[PDB]
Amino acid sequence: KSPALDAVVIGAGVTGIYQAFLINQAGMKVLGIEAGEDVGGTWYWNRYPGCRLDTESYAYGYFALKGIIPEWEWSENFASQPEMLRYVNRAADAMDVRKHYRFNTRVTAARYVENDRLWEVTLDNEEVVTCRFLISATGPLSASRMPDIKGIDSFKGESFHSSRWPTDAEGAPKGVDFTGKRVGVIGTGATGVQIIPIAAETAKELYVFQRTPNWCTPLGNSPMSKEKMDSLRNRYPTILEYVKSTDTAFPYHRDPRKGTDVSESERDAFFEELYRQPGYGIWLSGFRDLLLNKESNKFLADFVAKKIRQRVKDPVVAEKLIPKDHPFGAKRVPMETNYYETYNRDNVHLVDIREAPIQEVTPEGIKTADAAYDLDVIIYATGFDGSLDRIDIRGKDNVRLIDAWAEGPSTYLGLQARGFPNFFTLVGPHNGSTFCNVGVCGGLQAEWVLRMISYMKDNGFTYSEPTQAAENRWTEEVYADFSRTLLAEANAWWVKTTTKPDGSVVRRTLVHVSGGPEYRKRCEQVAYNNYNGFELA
């Protein structure tokens, strides 16, 4: 029996529309499925106040760079979500991709039919579609869910989660004016950190509930003159080759020096100067051993801590905002606009919930182990888990994807897992998303998958699956690259260790950290050598 589609793509964010575009372009039949009303993914769903890029708008906008909408005009150096959402829509216009999608539609299950080499795709636990290939693009981050906190539904005031902020007919967020309300914000990752300073401008009082501080550095956002935009657009051919060559696809690359190759004075100037420069330079232009060597990371950590005490009046407030938990850059660094100067305000309080954990949410507000906080509003900036885990994906022998990866994700090329043939996992932590400029990384990985699909069609092949040897090898290499860096002991739960009954040890990182150009090259060695490592029939 023979599938109705060549490919189904789940997701209509930047990654998934580009992939769907590419397949219809190569003249094959594709069906996109999306949950939301429309294209956008991240830029469709997150509508919280202050939601902004951390990647230069000109560098994230691969669709402009690639010549699809090159005439696009960016209004700031780091676009806000509504502008981001307009960008994705215009790209969608140009690709003409929407007509290939079913919106308002959840994929509930996906099952591999080995007799027929195809995937049955279940829409809303109702309709079934068949495709030779299934491609997930379901996003590097999973879903809005309540945090694990008792009493949530009892609060008698307004309760927002950040990824589900209510909007008006215009699509703009509502209840953003907190005049004369007492507001609680839970979470200080990148989302909290964007929301807080804006919530502070109008709230009567504002309580920040923080389990662990992150390291955050200044965004340095500013408007984009028309002159600059034209200039950038003319240099798109160069910027593209440039972003294509850096390890993150950020327009930054590491300093060629070790930290100790300079004196203390010289490191200081170097740090001072980057710190004051917009964007991620402070992180991604740093010394080459910044994430490899404790002493090198301590230089910059110390420096950022100093900046934090400079910007925070109250010494005791400040030292709670400075991590000791962890090395600098060992998570994706939140970027901010006056985040620290918010806590200098009279009406703003930092609540340390490590020392005093939330005990529960109350019709009145919030209870910690040792105080109670009356609130008129609670905003849940509690972040995300993966996204595939919410679909019942079953491969050969009816094995669940979830069980296959219990001991850690296991793939070849971060793109297919053994047991799951003809299935591609685009953009996820396990193929690099965590530290990528995903506008670019995601786009390049889609074009590769398009190349493999086209090769299978051209040779009349209908079946692909990694061998066990090629999968074990890649997975051990991904782990090994990851162990050489500081993140390995930083993020204990990013590593799955299993000691199987036979008494053997398996190590897998949840997070792939190899450089992008080096990873794409290994992909191209594979593709050119007739997809050596995949079984093909």
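For the two forms, the rigid core is made up of the largest set of C-alpha atoms that agree within 1.5 Å on superposition. We number the residues from 1 along the sequence you see.
Looking at 429-437 and 102-110, the one farther from the shown form in 5 other deposited structures of this protein by average CA distance, after a rigid core fit, turns out to be 429-437.
Note on 147-155 and 180-188: with rigid core alignment, C-alpha atoms in 5 other deposited structures of this protein sit farther from this form for 147-155. Gap check for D385 to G386: 1 to 3 deposited residues are absent from the model. Look at the mean CA B-factor for 11-19 and for 509-517 in the entry; the higher one is 509-517.
Higher mean CA B-factor, judged across 300-308 and 352-360 from the recorded values: 352-360. The maximum CA B-factor among the listed residues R418, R451, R211, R254, taken from the PDB record, is found at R211.
Sorting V193, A143, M84, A137 by the CA temperature factor given in the entry leaves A143 at the top. Ranked by C-alpha B-factor against the other modelled residues of its chain, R52 falls in the lowest third. Sorting the modelled residues of the chain by their CA temperature factor places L487 in the highest third. Ranked by Cα temperature factor within the chain, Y62 sits in the lowest third according to the deposited record. In the PDB entry, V495 places in the highest third of its chain by CA B-factor. Ranked within its chain, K228 lands in the middle third, by CA B factor from the PDB record.
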